[PDB]
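Colleague: Provided hereafter are the protein sequence and its experimental coordinates.
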2 protein chains.
Amino acid sequence: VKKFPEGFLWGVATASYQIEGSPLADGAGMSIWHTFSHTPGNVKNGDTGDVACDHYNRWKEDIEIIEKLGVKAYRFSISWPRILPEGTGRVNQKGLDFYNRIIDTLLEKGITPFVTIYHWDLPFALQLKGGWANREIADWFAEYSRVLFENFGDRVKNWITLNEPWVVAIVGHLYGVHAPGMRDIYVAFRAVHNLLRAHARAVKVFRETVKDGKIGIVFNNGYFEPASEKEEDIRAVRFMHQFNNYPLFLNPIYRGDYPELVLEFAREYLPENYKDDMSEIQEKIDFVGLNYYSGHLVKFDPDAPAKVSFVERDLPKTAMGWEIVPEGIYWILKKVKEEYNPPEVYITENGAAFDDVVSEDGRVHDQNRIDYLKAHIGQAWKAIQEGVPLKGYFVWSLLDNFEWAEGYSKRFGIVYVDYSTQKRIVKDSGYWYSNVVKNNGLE
Amino acid sequence: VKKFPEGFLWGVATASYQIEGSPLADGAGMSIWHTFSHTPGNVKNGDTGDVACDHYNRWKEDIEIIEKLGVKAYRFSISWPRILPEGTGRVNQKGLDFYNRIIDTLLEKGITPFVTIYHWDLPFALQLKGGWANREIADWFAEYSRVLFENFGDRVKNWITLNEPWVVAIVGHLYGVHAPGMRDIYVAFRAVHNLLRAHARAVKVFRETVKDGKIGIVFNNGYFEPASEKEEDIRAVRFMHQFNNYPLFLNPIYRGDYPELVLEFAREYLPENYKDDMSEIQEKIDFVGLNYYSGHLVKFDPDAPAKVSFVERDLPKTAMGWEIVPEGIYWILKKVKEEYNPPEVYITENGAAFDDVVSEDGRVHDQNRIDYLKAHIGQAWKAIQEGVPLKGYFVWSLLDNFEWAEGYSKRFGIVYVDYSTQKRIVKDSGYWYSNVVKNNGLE
Ligand SMILES: CCCCCCCC/N=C1\OC[C@@H]2[C@@H](O)[C@H](O)[C@@H](O)[C@H](O)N12
Ligand SMILES: CCCCCCCC/N=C1\OC[C@@H]2[C@@H](O)[C@H](O)[C@@H](O)[C@H](O)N12
């Protein structure tokens, strides 16, 4: 029996573009994901978020599933261009109405909302002006955030500024695999920097506009291990942790500068005078959200960008090919405590894609996903016994949904969605997780 | 023999980023090609324009080659961020000095400069604000052009606003193969439209500043032919001509709208009120420059984007794998006259990459390149006999140089450059072309 602390917050998570559909309904502006996915060759099978799970229309049924499973919290994101179709300026009242109904409904049902302000669907109007490459985005994001706070902050008390700024900057602007689909390392590092600047502006206006609220920010993380005991492999791991995991952003927030090995690799790409912005970047936050899915073996590789390469291991893998290493969620939780000692931490995403099917009995028996979640939840419990102030844990995702450049081919839900009919079928993992929440842990 | 008109201009062409090196010397700002080529994975072999042909230091020797060869015109481009390091605002004197010495030197030796204002090296500072995706670029570009007209317009009387706006827009923002490396079809067609607006705005400034000069614009073109007589193949060719050749830009300039078939395909991606800008885009131009390298067999293809695909043919190809179809140059010249009757036309590039070998005699026996140039010059001559107002022909390129995403691996020069020593070796095609110039044609 692994019982969690009293009041621990068990949650499920989604993001706007991945579930909503109806990107241009009710006068909403285009986002960069609408334009990126409508560009041939960017997304597997030419999939787009045009329909997705049709949560734009089916939101009430989806919330009723959260209630039925007795899940305590719901992390979801708001689509910036539904609110400000031009990025700034004119507020779209129908966009407020859509999210107001969701928020009111969650409260009515005793479900705690955690709002992600930005989960990647930048208004296309702002991309035309350079998007995350433009220092002015700190002002644009501050405006958008204030709008959300003044409208929703009387009811929503738990907020997240950015989902995975490393991904937004590096996958979006260096690899070009996510919107806006660019490949320029100087632009990517300026994005990393402007994301931090925008985050800090949002937190500053939050303190002015929301009463009794908490605000945080969410990082992707992997558990990197050395391919050997050679010192250069151990160093490769340190560089991968500093660059790919929370330190890239938490070293600035808590210490006022980038990590040492990131500066070693990337000082050239950062704005000259970037450090002038650090004092404002250190705006105090209430909690750190960590996402965690996978572990990676890494080695020094003299002929690789940043002199590091991944090494494939013979470990169990999900349908993404991602290695399942549950102790990594323990490691990242312990390590964030040791390195930055944030007052509170949440696992804001953990979960897995598997090739789910509906069996002849009409149920979706996804035992692989149960076993994945069970092992990670036990490891999170271990971190708590060792003093990590973990306040909550959110499964990615409530629903199978649009998995970015992989399209609909990768299913992460605890609820299956048949995209031909939009029927929801709660998976075994959903009923299993319902029991975890009921027992406040594993038995 | 095929003698050209009296006063026919024989030239050679280069571009700033492809030959200069020293991208950051003397207060220059970064360009998007510096940051793109310094991003791993974007350019063959990790090649950059950091040194290139070192023309930044060797320009006098290179001009002396043009002089020794008897070539009468030199088309070269100016690096925008050498002149305005932040894209707008403060002018960099040393950048002006660099091009001034080039211009004075050409004029002392009786070589006519043709200046390309924009040959793809956008200031990086402007890319951070959206670059060609941002409407405001018409202003930025008009101001930059003004600075060049004011500083050099006393001496330079032949000007080109943009080199191959189709490539800038489509290859740089839809295929992501050139800087700034993006893949977004909405951004790409915004870029097309803003390039037209910037060009027209520059010509308007030109009329104010350089009263006795001529200005034009340069387009890429291929000679498209249908894979069969099926009607869908014939319509595919008409589409490829309207989209990939001069009509995309000349229909706006001469007729006040995009080509029919381009609108059919792309109205979604163009700004909704794009036609409001057409009157200004009609600003009168003095000449059209046409680039031409290859012919392509095309078919209707239901599975392809735009529903068109290229079909490989059994034809001689260059080391690029580009089909050698010299009658294509005749066709594009006849057709631009038939369709838009520009007052003056110039072939602003024609040339070929071959696997050049320096033999024991210290020479480069590129009969392949001679055969290519000769056939195209003969076809251009035929166009002239039939009434096309072709005023000059420029070989791409004077020098082997940095071939964009191909890096140094592809050599187009009539002069070989050994990059280890920066030694210049005139190729047999260079001696041959010198004779063409001396004879004013083919003998
Ligand atoms: C390097 C190969 C391993 C990549 C594993 C890291 C990707 C795990 N991350 C995600 O896996 C799926 C999930 C996305 O659906 C969610 O929108 C994102 O916030 C988050 O990035 N998500
Ligand atoms: C599928 C298309 C195959 C044919 C592509 C033909 C490309 C021909 N164009 C060029 O070939 C080389 C030359 C560039 O060096 C020059 O800077 C550009 O202005 C110009 O675009 N250049």
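Modeller: Structure's in. What do you need? Residues are numbered from 1 along each chain as shown, chains lettered A, B, ... in the order given. Ligands and ions are numbered 1, 2, ... in the order given.

Colleague: where does chain A come near ligand 1, residue by residue?
Modeller: A:15, A:18, A:163-164, A:167, A:220, A:291, A:293-294, A:322, A:349, A:396, A:403, A:412 (Cβ under 6 Å from any ligand atom). Yep, even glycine has a C-beta here, placed from its N, CA and C like the rest.

Colleague: which ones among the residues you listed are found in strands?
Modeller: Applying DSSP state E to the residues of chain A next to ligand 1, the entries found in strands are A:163, A:291, A:294, A:349, A:396.

Colleague: Pull the contacting residues for the first one.
Modeller: In other words, residue A:163. By Cβ atoms under 8 Å, 6 or more residues apart in numbering or on different chains, the contact list for residue A:163 reads A:15, A:77, A:116, A:118-120, A:218.

Colleague: now swap in the third one and tell me
Modeller: Neighbour list for residue A:294: A:222-223, A:322-325, A:328 [criterion: Cβ under 8 Å, 6+ apart].

Colleague: show me the contacts for the residue nearest to residue A:153 when sequence neighbours are not counted.
Modeller: In space, residue A:153 comes closest to residue A:210 once its chain neighbours are excluded; the distance is 3.8 Å by Cβ to Cβ, 6 or more residues apart in numbering or on different chains. Counting by Cβ under 8 Å, 6+ apart, residue A:210 touches A:149, A:153, A:157, A:159.

Colleague: Break down the stretch 101-250 of chain A into its helices, ranges please.
Modeller: Taking DSSP state H, counting those that start in this stretch to define them, one finds helices in the stretch 101-250 of chain A at A:124-127, A:137-152, A:165-166, A:172-173, A:185-209, A:231-244, A:247-255.

Colleague: Name the nearest of the contacts of residue A:163 relative to residue B:194.
Modeller: Closest approach to residue B:194 among the contacts of residue A:163 (Cβ to Cβ): residue A:120, at 25.5 Å.

Colleague: So the closest one sits against residue A:34, correct?
Modeller: No. Applying Cβ atoms under 8 Å, one finds residue A:120 not in contact with residue A:34, separated by 11.6 Å.

Colleague: okay, now the spatially closest residue to residue A:406 that is not a sequence neighbour: neighbour count?
Modeller: Using Cβ to Cβ, 6+ apart and skipping the chain neighbours, the partner closest in space to residue A:406 is residue A:44 (5.3 Å). For residue A:44, the neighbour count with other Cβ atoms under 10 Å in any protein chain shown is 14.

Colleague: Same question for residue A:3.
Modeller: Count around residue A:3 with other Cβ under 10 Å applied: 12.

Colleague: related to what we said a few turns ago, got CSV for the residues of chain A next to ligand 1, with distance to residue B:110 too?
Modeller: Converted to CSV, these look like this (distance: Cβ to Cβ, whole Å):
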residue, distance to residue B:110
A:15, 66
A:18, 66
A:163, 64
A:164, 62
A:167, 58
A:220, 63
A:291, 68
A:293, 68
A:294, 68
A:322, 67
A:349, 70
A:396, 71
A:403, 65
A:412, 71
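
Colleague: For residue A:163, give its distance to residue B:86.
Modeller: Distance from residue A:163 to residue B:86, counting by Cβ to Cβ, to the nearest Å: 32 Å.

Colleague: Tell me the residues of chain A that contact chain B?
Modeller: Counting by Cβ under 8 Å from any Cβ of the partner chain, chain A comes close to chain B at A:30, A:32, A:35-36, A:38-42, A:124, A:127-131, A:133-135, A:174, A:176, A:179-187, A:190, A:305.

Colleague: Narrow these to those in strands?
Modeller: Within the residues of chain A next to chain B, no residue falls in strands by DSSP E.

Colleague: Quick one, which of those residues are buried?
Modeller: Among the residues of chain A next to chain B, those classed as buried by 16 or more other Cβ atoms under 10 Å in any protein chain shown are A:30, A:32, A:35-36, A:38-39, A:42, A:124, A:127-131, A:133-135, A:174, A:176, A:179-187, A:190.

Colleague: returning to what we had before: ok, the residue nearest to residue A:406 - contacts?
Modeller: So residue A:44 contacts A:405-407, A:409 (Cβ under 8 Å, 6+ apart).

Colleague: which ones are touching the nearest residue to residue A:24 once chain neighbours are set aside?
Modeller: The shortest distance from residue A:24 to any non-neighbouring residue, by Cβ to Cβ, 6+ apart, is to residue A:30 (6.8 Å). Each residue near residue A:30 by Cβ under 8 Å, 6+ apart is listed here: A:23-24, A:81, A:123-125, B:186.

Colleague: Looking at the contacts of residue A:210, which two lie furthest apart in space?
Modeller: Spatially, the most separated pair among the contacts of residue A:210 is A:149 and A:157, at 10.9 Å (Cβ to Cβ).

Colleague: With neighbour numbers in mind, choose between the two.
Modeller: Per other Cβ under 10 Å, whichever of residue A:149 and residue A:157 has more neighbours is residue A:149, with 23 against 17.

Colleague: Surely that one touches residue A:203?
Modeller: No. With contacts counted by Cβ under 8 Å, residue A:149 stays clear of residue A:203, the gap being 10.7 Å.

Colleague: just to revisit the earlier point, where does the residue nearest to residue A:153 fall, phi/psi-wise?
Modeller: For residue A:210, the backbone dihedrals (degrees, to the nearest 10) come out as phi -120, psi 130.

Colleague: now swap in the one 3 residues further on and tell me
Modeller: Backbone torsions for residue A:213, taken as degrees, to the nearest 10, come to phi -110, psi 160.

Colleague: which residues does the nearest residue in space to it that is not next to it in sequence contact?
Modeller: Among residues not flanking residue A:213 along the chain, residue A:157 sits closest, at 4.8 Å (Cβ to Cβ, 6+ apart). Taking Cβ under 8 Å, 6+ apart, we find residue A:157 in contact with A:210, A:212-214.

Colleague: Most neighbours of all those residues, which one?
Modeller: residue A:210 (19 neighbours).

Colleague: Closest residue of the stretch 301-443 of chain A to ligand 2?
Modeller: The nearest approach of the stretch 301-443 of chain A to ligand 2 comes at residue A:405, 25.0 Å away (Cβ to the nearest ligand atom).

Colleague: quick one: that residue and residue A:45, what's the gap?
Modeller: Distance, residue A:405 to residue A:45, by Cβ to Cβ: 11 Å.

Colleague: any common contacting residues for those two?
Modeller: Common neighbours of residue A:405 and residue A:45 are not found (criterion: Cβ under 8 Å, 6+ apart).

Colleague: Looking at those two, which has the bigger crowd around it?
Modeller: More crowded of residue A:405 and residue A:45, by other Cβ under 10 Å: residue A:405, with 18 against 9.

Colleague: Grab the nearest non-local neighbour of the residue nearest to the spatial centre of chain A.
Modeller: For chain A, the residue lying nearest the average C-alpha position, counting by Cα atoms, centre = their mean, turns out to be residue A:163 (4.1 Å). Excluding its sequence neighbours, the residue lying closest to residue A:163 (Cβ to Cβ, 6+ apart) is residue A:119, at 4.2 Å.
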